[PDB]
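Asks: Pasting work-v7.txt below, which is compact mmCIF, N, CA and C atoms.
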# COMPACT_ATOMS: atom_id res chain seq x y z
N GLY U 1 -14.39 1.88 15.21
CA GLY U 1 -13.80 1.77 16.58
C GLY U 1 -12.58 2.65 16.76
N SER U 2 -12.77 3.80 17.40
CA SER U 2 -11.68 4.73 17.64
C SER U 2 -11.71 5.25 19.07
N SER U 3 -11.51 4.35 20.03
CA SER U 3 -11.51 4.72 21.44
C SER U 3 -10.16 5.30 21.85
N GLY U 4 -9.10 4.83 21.22
CA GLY U 4 -7.77 5.31 21.54
C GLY U 4 -6.78 4.18 21.76
N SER U 5 -6.84 3.16 20.91
CA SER U 5 -5.95 2.02 21.02
C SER U 5 -5.23 1.76 19.70
N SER U 6 -5.98 1.35 18.68
CA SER U 6 -5.42 1.07 17.37
C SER U 6 -4.38 -0.04 17.45
N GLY U 7 -3.69 -0.29 16.34
CA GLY U 7 -2.68 -1.32 16.31
C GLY U 7 -2.32 -1.75 14.90
N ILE U 8 -1.17 -1.28 14.42
CA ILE U 8 -0.72 -1.62 13.08
C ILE U 8 0.36 -2.70 13.11
N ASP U 9 0.25 -3.66 12.21
CA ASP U 9 1.22 -4.75 12.13
C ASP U 9 1.54 -5.10 10.68
N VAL U 10 2.42 -6.08 10.50
CA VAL U 10 2.82 -6.50 9.16
C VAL U 10 1.62 -7.00 8.36
N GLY U 11 1.46 -6.48 7.15
CA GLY U 11 0.35 -6.88 6.31
C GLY U 11 -0.91 -6.08 6.58
N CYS U 12 -0.76 -4.77 6.73
CA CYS U 12 -1.89 -3.89 6.99
C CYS U 12 -1.72 -2.54 6.29
N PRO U 13 -2.79 -2.02 5.67
CA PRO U 13 -2.75 -0.74 4.96
C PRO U 13 -2.78 0.45 5.92
N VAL U 14 -1.87 1.40 5.70
CA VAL U 14 -1.80 2.59 6.54
C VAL U 14 -1.15 3.75 5.79
N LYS U 15 -1.62 4.96 6.08
CA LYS U 15 -1.09 6.16 5.44
C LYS U 15 0.21 6.61 6.10
N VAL U 16 1.25 6.80 5.29
CA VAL U 16 2.54 7.22 5.80
C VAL U 16 2.85 8.66 5.38
N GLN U 17 3.26 9.47 6.34
CA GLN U 17 3.59 10.87 6.07
C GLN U 17 5.09 11.05 5.88
N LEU U 18 5.49 11.40 4.66
CA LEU U 18 6.90 11.60 4.35
C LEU U 18 7.36 12.99 4.78
N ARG U 19 6.54 14.00 4.48
CA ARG U 19 6.86 15.38 4.84
C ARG U 19 6.15 15.79 6.13
N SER U 20 6.39 17.02 6.56
CA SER U 20 5.77 17.54 7.77
C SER U 20 4.35 18.03 7.50
N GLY U 21 3.39 17.13 7.59
CA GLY U 21 2.00 17.49 7.35
C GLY U 21 1.77 17.98 5.93
N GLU U 22 2.15 17.16 4.96
CA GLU U 22 1.98 17.51 3.55
C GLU U 22 1.00 16.56 2.87
N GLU U 23 1.22 15.26 3.04
CA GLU U 23 0.36 14.25 2.44
C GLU U 23 0.78 12.85 2.87
N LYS U 24 -0.17 12.08 3.39
CA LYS U 24 0.11 10.72 3.84
C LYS U 24 -0.25 9.71 2.75
N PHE U 25 0.76 9.00 2.26
CA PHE U 25 0.55 8.00 1.22
C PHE U 25 0.17 6.65 1.83
N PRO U 26 -0.89 6.00 1.32
CA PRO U 26 -1.34 4.70 1.82
C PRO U 26 -0.42 3.57 1.40
N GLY U 27 -0.27 2.58 2.27
CA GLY U 27 0.59 1.45 1.97
C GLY U 27 0.42 0.30 2.95
N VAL U 28 0.72 -0.91 2.50
CA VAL U 28 0.60 -2.09 3.35
C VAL U 28 1.91 -2.38 4.08
N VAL U 29 1.81 -2.69 5.37
CA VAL U 29 2.99 -2.98 6.17
C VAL U 29 3.68 -4.26 5.69
N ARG U 30 5.00 -4.19 5.53
CA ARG U 30 5.77 -5.33 5.08
C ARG U 30 6.71 -5.83 6.18
N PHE U 31 7.16 -4.91 7.03
CA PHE U 31 8.06 -5.25 8.12
C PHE U 31 7.90 -4.27 9.29
N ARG U 32 8.49 -4.62 10.43
CA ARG U 32 8.41 -3.77 11.61
C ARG U 32 9.58 -4.03 12.55
N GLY U 33 10.32 -2.98 12.87
CA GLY U 33 11.46 -3.12 13.75
C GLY U 33 12.29 -1.85 13.83
N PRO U 34 12.83 -1.51 15.02
CA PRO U 34 13.64 -0.30 15.20
C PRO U 34 14.85 -0.27 14.26
N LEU U 35 15.72 0.71 14.46
CA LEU U 35 16.91 0.85 13.63
C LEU U 35 18.06 1.46 14.43
N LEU U 36 17.85 2.68 14.91
CA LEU U 36 18.87 3.38 15.70
C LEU U 36 18.82 2.94 17.16
N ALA U 37 19.68 3.53 17.97
CA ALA U 37 19.74 3.20 19.39
C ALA U 37 20.24 4.39 20.21
N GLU U 38 19.31 5.20 20.71
CA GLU U 38 19.65 6.36 21.51
C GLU U 38 20.54 7.32 20.72
N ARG U 39 20.33 7.38 19.41
CA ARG U 39 21.12 8.26 18.55
C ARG U 39 20.31 9.49 18.15
N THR U 40 19.00 9.33 18.05
CA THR U 40 18.12 10.43 17.68
C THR U 40 16.82 10.38 18.47
N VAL U 41 16.07 9.29 18.29
CA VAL U 41 14.80 9.12 18.99
C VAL U 41 14.43 7.65 19.10
N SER U 42 13.91 7.25 20.26
CA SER U 42 13.52 5.87 20.49
C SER U 42 12.14 5.59 19.89
N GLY U 43 12.13 5.07 18.66
CA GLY U 43 10.88 4.77 18.00
C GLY U 43 11.00 3.59 17.05
N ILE U 44 10.02 2.69 17.11
CA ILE U 44 10.02 1.51 16.26
C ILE U 44 9.62 1.87 14.83
N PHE U 45 10.42 1.42 13.87
CA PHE U 45 10.15 1.69 12.46
C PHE U 45 9.21 0.65 11.87
N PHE U 46 8.23 1.12 11.10
CA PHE U 46 7.26 0.22 10.48
C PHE U 46 7.37 0.27 8.96
N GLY U 47 7.82 -0.84 8.37
CA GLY U 47 7.97 -0.91 6.93
C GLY U 47 6.64 -0.96 6.21
N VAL U 48 6.38 0.03 5.37
CA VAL U 48 5.13 0.09 4.62
C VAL U 48 5.40 0.31 3.13
N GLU U 49 4.68 -0.42 2.29
CA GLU U 49 4.83 -0.30 0.84
C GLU U 49 3.85 0.72 0.27
N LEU U 50 4.38 1.77 -0.34
CA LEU U 50 3.56 2.82 -0.93
C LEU U 50 2.63 2.24 -1.99
N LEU U 51 1.36 2.64 -1.94
CA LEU U 51 0.37 2.16 -2.90
C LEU U 51 0.43 2.98 -4.19
N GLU U 52 -0.43 2.63 -5.14
CA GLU U 52 -0.47 3.33 -6.43
C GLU U 52 -0.63 4.83 -6.23
N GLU U 53 -1.28 5.22 -5.14
CA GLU U 53 -1.49 6.63 -4.84
C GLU U 53 -0.16 7.35 -4.61
N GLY U 54 0.64 6.82 -3.69
CA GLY U 54 1.93 7.42 -3.40
C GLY U 54 3.08 6.55 -3.85
N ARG U 55 2.88 5.81 -4.93
CA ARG U 55 3.91 4.94 -5.46
C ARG U 55 5.07 5.75 -6.05
N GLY U 56 6.29 5.33 -5.74
CA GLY U 56 7.46 6.03 -6.24
C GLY U 56 7.98 7.06 -5.26
N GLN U 57 7.92 6.75 -3.97
CA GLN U 57 8.39 7.66 -2.94
C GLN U 57 9.10 6.90 -1.83
N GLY U 58 9.78 5.82 -2.20
CA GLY U 58 10.50 5.02 -1.22
C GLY U 58 11.99 5.28 -1.24
N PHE U 59 12.61 5.22 -0.07
CA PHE U 59 14.05 5.45 0.05
C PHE U 59 14.79 4.15 0.37
N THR U 60 14.31 3.45 1.40
CA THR U 60 14.93 2.19 1.81
C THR U 60 14.83 1.15 0.70
N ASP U 61 13.68 1.09 0.05
CA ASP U 61 13.46 0.14 -1.03
C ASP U 61 13.62 -1.30 -0.53
N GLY U 62 13.30 -1.52 0.74
CA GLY U 62 13.42 -2.84 1.31
C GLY U 62 14.75 -3.07 2.01
N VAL U 63 15.72 -2.21 1.72
CA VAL U 63 17.05 -2.33 2.33
C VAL U 63 17.39 -1.08 3.13
N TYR U 64 18.00 -1.28 4.30
CA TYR U 64 18.38 -0.17 5.16
C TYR U 64 19.84 -0.31 5.60
N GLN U 65 20.69 0.57 5.09
CA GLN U 65 22.11 0.55 5.42
C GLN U 65 22.75 -0.76 4.99
N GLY U 66 22.20 -1.37 3.94
CA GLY U 66 22.74 -2.62 3.44
C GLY U 66 21.94 -3.82 3.91
N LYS U 67 21.30 -3.69 5.06
CA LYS U 67 20.50 -4.77 5.62
C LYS U 67 19.12 -4.83 4.96
N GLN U 68 18.86 -5.92 4.24
CA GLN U 68 17.58 -6.09 3.56
C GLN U 68 16.52 -6.60 4.52
N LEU U 69 15.78 -5.68 5.12
CA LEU U 69 14.73 -6.03 6.07
C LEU U 69 13.55 -6.68 5.35
N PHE U 70 13.12 -6.06 4.25
CA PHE U 70 12.00 -6.58 3.48
C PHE U 70 12.22 -6.35 1.98
N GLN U 71 11.38 -6.97 1.16
CA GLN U 71 11.48 -6.83 -0.28
C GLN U 71 10.29 -6.06 -0.84
N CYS U 72 10.57 -5.05 -1.66
CA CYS U 72 9.52 -4.23 -2.26
C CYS U 72 9.96 -3.70 -3.62
N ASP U 73 9.03 -3.08 -4.33
CA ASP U 73 9.31 -2.52 -5.65
C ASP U 73 10.25 -1.32 -5.54
N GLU U 74 10.58 -0.73 -6.68
CA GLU U 74 11.46 0.43 -6.71
C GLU U 74 10.76 1.67 -6.16
N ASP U 75 11.33 2.25 -5.11
CA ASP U 75 10.76 3.44 -4.49
C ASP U 75 9.36 3.16 -3.96
N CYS U 76 9.23 2.10 -3.17
CA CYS U 76 7.94 1.73 -2.60
C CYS U 76 8.06 1.49 -1.10
N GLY U 77 9.08 0.74 -0.70
CA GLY U 77 9.28 0.46 0.71
C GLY U 77 9.66 1.69 1.51
N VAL U 78 9.13 1.78 2.73
CA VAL U 78 9.42 2.92 3.59
C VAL U 78 9.20 2.57 5.06
N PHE U 79 10.08 3.07 5.92
CA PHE U 79 9.99 2.81 7.35
C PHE U 79 9.59 4.07 8.11
N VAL U 80 8.63 3.92 9.03
CA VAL U 80 8.16 5.05 9.82
C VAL U 80 7.53 4.57 11.13
N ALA U 81 7.50 5.45 12.12
CA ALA U 81 6.92 5.12 13.42
C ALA U 81 5.41 4.98 13.33
N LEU U 82 4.84 4.19 14.24
CA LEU U 82 3.40 3.97 14.26
C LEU U 82 2.64 5.29 14.21
N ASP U 83 3.10 6.26 14.99
CA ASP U 83 2.47 7.58 15.03
C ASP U 83 2.43 8.19 13.63
N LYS U 84 3.38 7.80 12.79
CA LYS U 84 3.45 8.31 11.43
C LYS U 84 2.45 7.58 10.53
N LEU U 85 2.14 6.34 10.89
CA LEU U 85 1.20 5.53 10.12
C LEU U 85 -0.24 5.90 10.46
N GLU U 86 -1.14 5.70 9.50
CA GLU U 86 -2.55 6.02 9.70
C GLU U 86 -3.43 4.80 9.41
N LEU U 87 -3.99 4.22 10.47
CA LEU U 87 -4.84 3.04 10.33
C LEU U 87 -6.05 3.35 9.45
N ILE U 88 -6.23 2.56 8.40
CA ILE U 88 -7.34 2.75 7.48
C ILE U 88 -8.33 1.59 7.57
N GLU U 89 -9.62 1.92 7.54
CA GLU U 89 -10.66 0.91 7.63
C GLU U 89 -10.64 0.00 6.40
N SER U 90 -10.89 -1.29 6.62
CA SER U 90 -10.90 -2.26 5.53
C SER U 90 -12.32 -2.54 5.07
N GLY U 91 -13.17 -1.52 5.09
CA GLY U 91 -14.55 -1.68 4.68
C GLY U 91 -15.05 -0.50 3.87
N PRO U 92 -14.50 -0.28 2.66
CA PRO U 92 -14.91 0.83 1.79
C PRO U 92 -16.42 0.86 1.57
N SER U 93 -17.01 -0.31 1.37
CA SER U 93 -18.44 -0.41 1.14
C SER U 93 -19.16 -0.89 2.40
N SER U 94 -20.04 -0.05 2.93
CA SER U 94 -20.79 -0.39 4.14
C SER U 94 -22.17 0.26 4.13
N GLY U 95 -23.20 -0.54 4.33
CA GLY U 95 -24.56 -0.02 4.33
C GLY U 95 -25.37 -0.53 5.51
Please rewrite the model in this file as structure tokens.
Replies:
Amino acid sequence: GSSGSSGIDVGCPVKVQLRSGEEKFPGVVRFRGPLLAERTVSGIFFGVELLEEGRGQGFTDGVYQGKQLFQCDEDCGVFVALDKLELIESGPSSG
């Protein structure tokens, strides 16, 4: 189903792009909520935990500017806009 709606929320696997079109690491959403306020860009941040594929590429690590939004492993937690996240199908096996 890809009509043009989608919808990522807490507890969902999605690919996160750290660099500018380099590689999107898969991860499950742990939290969701903005951060800045008319300082750079109006976009909601989505906390996603990097999977074994892109494990070891987290900056927030569950904490942002001292505020512990969510809990995750070392270099796993990461916040990004929905547009940055990539909805992945939960049906690897289908016949």
Asks: Could you list, as a list in words, every residue within 8 Å of residue 26 (chain U), counting only N, CA and C atoms and ignoring same-chain residues fewer than 2 positions away?
Replies: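 Near neighbours after the sequence-gap exclusion: residues 12, 13, 14, 15, 16, 17, 23, 24, 28, 29, 48, 49, 50, 51, 52, 53, 54, 55 and 86 of chain U.
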Asks: Kindly indicate which residue among U:81, U:43, U:1, U:75 lies nearest to residue 56 (chain U), using all atoms listed in the file for the distances.
Replies: U:75
Asks: Between U:57, U:42, U:5, U:20, single out the one closest to residue 78 (chain U), counting only N, CA and C atoms.
Replies: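 The answer is U:57, which sits nearest to residue 78 (chain U).
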Asks: Just to confirm, what's the straight-line distance from CA of residue 30 (chain U) to CA of residue 47 (chain U) in Å (one decimal)?
Replies: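 These two atoms are separated by 5.3 Å.
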Asks: Contacts of residue 2 (chain U) at 12 Å or less, counting only C-alpha atoms, minus same-chain residues fewer than 2 places along, as a list in words?
Replies: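 My reading of the contact set: residues 4, 5, 6, 7, 87, 88 and 89 of chain U.
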Asks: Which residue, U:59, U:82, U:27, U:90, has the smallest gap to residue 44 (chain U) when you use only N, CA and C atoms?
Replies: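 So, comparing all the options, the nearest one is U:82.
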Asks: Pick the closest to residue 77 (chain U) from U:11, U:62, U:92, U:34: which is it, counting only C-alpha atoms?
Replies: U:62
Asks: If you measure from atom C of residue 39 (chain U) to CA of residue 73 (chain U), what distance in Å do you get, rounded to one decimal?
Replies: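 CA of residue 73 (chain U) lies at a distance of 28.8 Å from atom C of residue 39 (chain U).
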Asks: Given the choices U:36, U:91, U:31, U:46, which gets closest to residue 69 (chain U) if the distance is worked out from only N, CA and C atoms?
Replies: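 For residue 69 (chain U), the nearest of the candidates is U:31.
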Asks: Please indicate the distance in Å from atom N of residue 67 (chain U) to atom C of residue 33 (chain U), rounded to one decimal place.
Replies: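 Atom-to-atom, atom N of residue 67 (chain U) and atom C of residue 33 (chain U) are spaced 12.7 Å apart.
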Asks: Using DSSP secondary structure from the backbone, list all strand (DSSP E or B) positions within chain U, as a PDB file with N, CA and C atoms, in the frame of the given file.
Replies:
ATOM      1  N   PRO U  13      -2.790  -2.020   5.670  1.00  0.00           N
ATOM      2  CA  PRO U  13      -2.750  -0.740   4.960  1.00  0.00           C
ATOM      3  C   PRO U  13      -2.780   0.450   5.920  1.00  0.00           C
ATOM      4  N   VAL U  14      -1.870   1.400   5.700  1.00  0.00           N
ATOM      5  CA  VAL U  14      -1.800   2.590   6.540  1.00  0.00           C
ATOM      6  C   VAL U  14      -1.150   3.750   5.790  1.00  0.00           C
ATOM      7  N   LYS U  15      -1.620   4.960   6.080  1.00  0.00           N
ATOM      8  CA  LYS U  15      -1.090   6.160   5.440  1.00  0.00           C
ATOM      9  C   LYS U  15       0.210   6.610   6.100  1.00  0.00           C
ATOM     10  N   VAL U  16       1.250   6.800   5.290  1.00  0.00           N
ATOM     11  CA  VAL U  16       2.540   7.220   5.800  1.00  0.00           C
ATOM     12  C   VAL U  16       2.850   8.660   5.380  1.00  0.00           C
ATOM     13  N   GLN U  17       3.260   9.470   6.340  1.00  0.00           N
ATOM     14  CA  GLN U  17       3.590  10.870   6.070  1.00  0.00           C
ATOM     15  C   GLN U  17       5.090  11.050   5.880  1.00  0.00           C
ATOM     16  N   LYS U  24      -0.170  12.080   3.390  1.00  0.00           N
ATOM     17  CA  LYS U  24       0.110  10.720   3.840  1.00  0.00           C
ATOM     18  C   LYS U  24      -0.250   9.710   2.750  1.00  0.00           C
ATOM     19  N   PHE U  25       0.760   9.000   2.260  1.00  0.00           N
ATOM     20  CA  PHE U  25       0.550   8.000   1.220  1.00  0.00           C
ATOM     21  C   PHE U  25       0.170   6.650   1.830  1.00  0.00           C
ATOM     22  N   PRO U  26      -0.890   6.000   1.320  1.00  0.00           N
ATOM     23  CA  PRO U  26      -1.340   4.700   1.820  1.00  0.00           C
ATOM     24  C   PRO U  26      -0.420   3.570   1.400  1.00  0.00           C
ATOM     25  N   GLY U  27      -0.270   2.580   2.270  1.00  0.00           N
ATOM     26  CA  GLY U  27       0.590   1.450   1.970  1.00  0.00           C
ATOM     27  C   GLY U  27       0.420   0.300   2.950  1.00  0.00           C
ATOM     28  N   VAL U  28       0.720  -0.910   2.500  1.00  0.00           N
ATOM     29  CA  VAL U  28       0.600  -2.090   3.350  1.00  0.00           C
ATOM     30  C   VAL U  28       1.910  -2.380   4.080  1.00  0.00           C
ATOM     31  N   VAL U  29       1.810  -2.690   5.370  1.00  0.00           N
ATOM     32  CA  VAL U  29       2.990  -2.980   6.170  1.00  0.00           C
ATOM     33  C   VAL U  29       3.680  -4.260   5.690  1.00  0.00           C
ATOM     34  N   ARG U  30       5.000  -4.190   5.530  1.00  0.00           N
ATOM     35  CA  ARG U  30       5.770  -5.330   5.080  1.00  0.00           C
ATOM     36  C   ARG U  30       6.710  -5.830   6.180  1.00  0.00           C
ATOM     37  N   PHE U  31       7.160  -4.910   7.030  1.00  0.00           N
ATOM     38  CA  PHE U  31       8.060  -5.250   8.120  1.00  0.00           C
ATOM     39  C   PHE U  31       7.900  -4.270   9.290  1.00  0.00           C
ATOM     40  N   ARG U  32       8.490  -4.620  10.430  1.00  0.00           N
ATOM     41  CA  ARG U  32       8.410  -3.770  11.610  1.00  0.00           C
ATOM     42  C   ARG U  32       9.580  -4.030  12.550  1.00  0.00           C
ATOM     43  N   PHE U  46       8.230   1.120  11.100  1.00  0.00           N
ATOM     44  CA  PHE U  46       7.260   0.220  10.480  1.00  0.00           C
ATOM     45  C   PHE U  46       7.370   0.270   8.960  1.00  0.00           C
ATOM     46  N   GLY U  47       7.820  -0.840   8.370  1.00  0.00           N
ATOM     47  CA  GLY U  47       7.970  -0.910   6.930  1.00  0.00           C
ATOM     48  C   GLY U  47       6.640  -0.960   6.210  1.00  0.00           C
ATOM     49  N   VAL U  48       6.380   0.030   5.370  1.00  0.00           N
ATOM     50  CA  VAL U  48       5.130   0.090   4.620  1.00  0.00           C
ATOM     51  C   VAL U  48       5.400   0.310   3.130  1.00  0.00           C
ATOM     52  N   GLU U  49       4.680  -0.420   2.290  1.00  0.00           N
ATOM     53  CA  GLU U  49       4.830  -0.300   0.840  1.00  0.00           C
ATOM     54  C   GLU U  49       3.850   0.720   0.270  1.00  0.00           C
ATOM     55  N   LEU U  50       4.380   1.770  -0.340  1.00  0.00           N
ATOM     56  CA  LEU U  50       3.560   2.820  -0.930  1.00  0.00           C
ATOM     57  C   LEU U  50       2.630   2.240  -1.990  1.00  0.00           C
ATOM     58  N   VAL U  63      15.720  -2.210   1.720  1.00  0.00           N
ATOM     59  CA  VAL U  63      17.050  -2.330   2.330  1.00  0.00           C
ATOM     60  C   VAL U  63      17.390  -1.080   3.130  1.00  0.00           C
ATOM     61  N   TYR U  64      18.000  -1.280   4.300  1.00  0.00           N
ATOM     62  CA  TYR U  64      18.380  -0.170   5.160  1.00  0.00           C
ATOM     63  C   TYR U  64      19.840  -0.310   5.600  1.00  0.00           C
ATOM     64  N   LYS U  67      21.300  -3.690   5.060  1.00  0.00           N
ATOM     65  CA  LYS U  67      20.500  -4.770   5.620  1.00  0.00           C
ATOM     66  C   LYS U  67      19.120  -4.830   4.960  1.00  0.00           C
ATOM     67  N   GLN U  68      18.860  -5.920   4.240  1.00  0.00           N
ATOM     68  CA  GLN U  68      17.580  -6.090   3.560  1.00  0.00           C
ATOM     69  C   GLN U  68      16.520  -6.600   4.520  1.00  0.00           C
ATOM     70  N   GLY U  77       9.080   0.740  -0.700  1.00  0.00           N
ATOM     71  CA  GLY U  77       9.280   0.460   0.710  1.00  0.00           C
ATOM     72  C   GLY U  77       9.660   1.690   1.510  1.00  0.00           C
ATOM     73  N   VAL U  78       9.130   1.780   2.730  1.00  0.00           N
ATOM     74  CA  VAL U  78       9.420   2.920   3.590  1.00  0.00           C
ATOM     75  C   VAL U  78       9.200   2.570   5.060  1.00  0.00           C
ATOM     76  N   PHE U  79      10.080   3.070   5.920  1.00  0.00           N
ATOM     77  CA  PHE U  79       9.990   2.810   7.350  1.00  0.00           C
ATOM     78  C   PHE U  79       9.590   4.070   8.110  1.00  0.00           C
ATOM     79  N   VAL U  80       8.630   3.920   9.030  1.00  0.00           N
ATOM     80  CA  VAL U  80       8.160   5.050   9.820  1.00  0.00           C
ATOM     81  C   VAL U  80       7.530   4.570  11.130  1.00  0.00           C
ATOM     82  N   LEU U  85       2.140   6.340  10.890  1.00  0.00           N
ATOM     83  CA  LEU U  85       1.200   5.530  10.120  1.00  0.00           C
ATOM     84  C   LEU U  85      -0.240   5.900  10.460  1.00  0.00           C
ATOM     85  N   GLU U  86      -1.140   5.700   9.500  1.00  0.00           N
ATOM     86  CA  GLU U  86      -2.550   6.020   9.700  1.00  0.00           C
ATOM     87  C   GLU U  86      -3.430   4.800   9.410  1.00  0.00           C
ATOM     88  N   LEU U  87      -3.990   4.220  10.470  1.00  0.00           N
ATOM     89  CA  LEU U  87      -4.840   3.040  10.330  1.00  0.00           C
ATOM     90  C   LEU U  87      -6.050   3.350   9.450  1.00  0.00           C
TER      91      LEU U  87
END
Asks: For each of U:85, U:93, U:45, U:35, take the minimum atom-to-atom distance to residue 65 (chain U), counting only C-alpha atoms, then give the residue where this is smallest.
Replies: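 The closest residue to residue 65 (chain U) is U:35.
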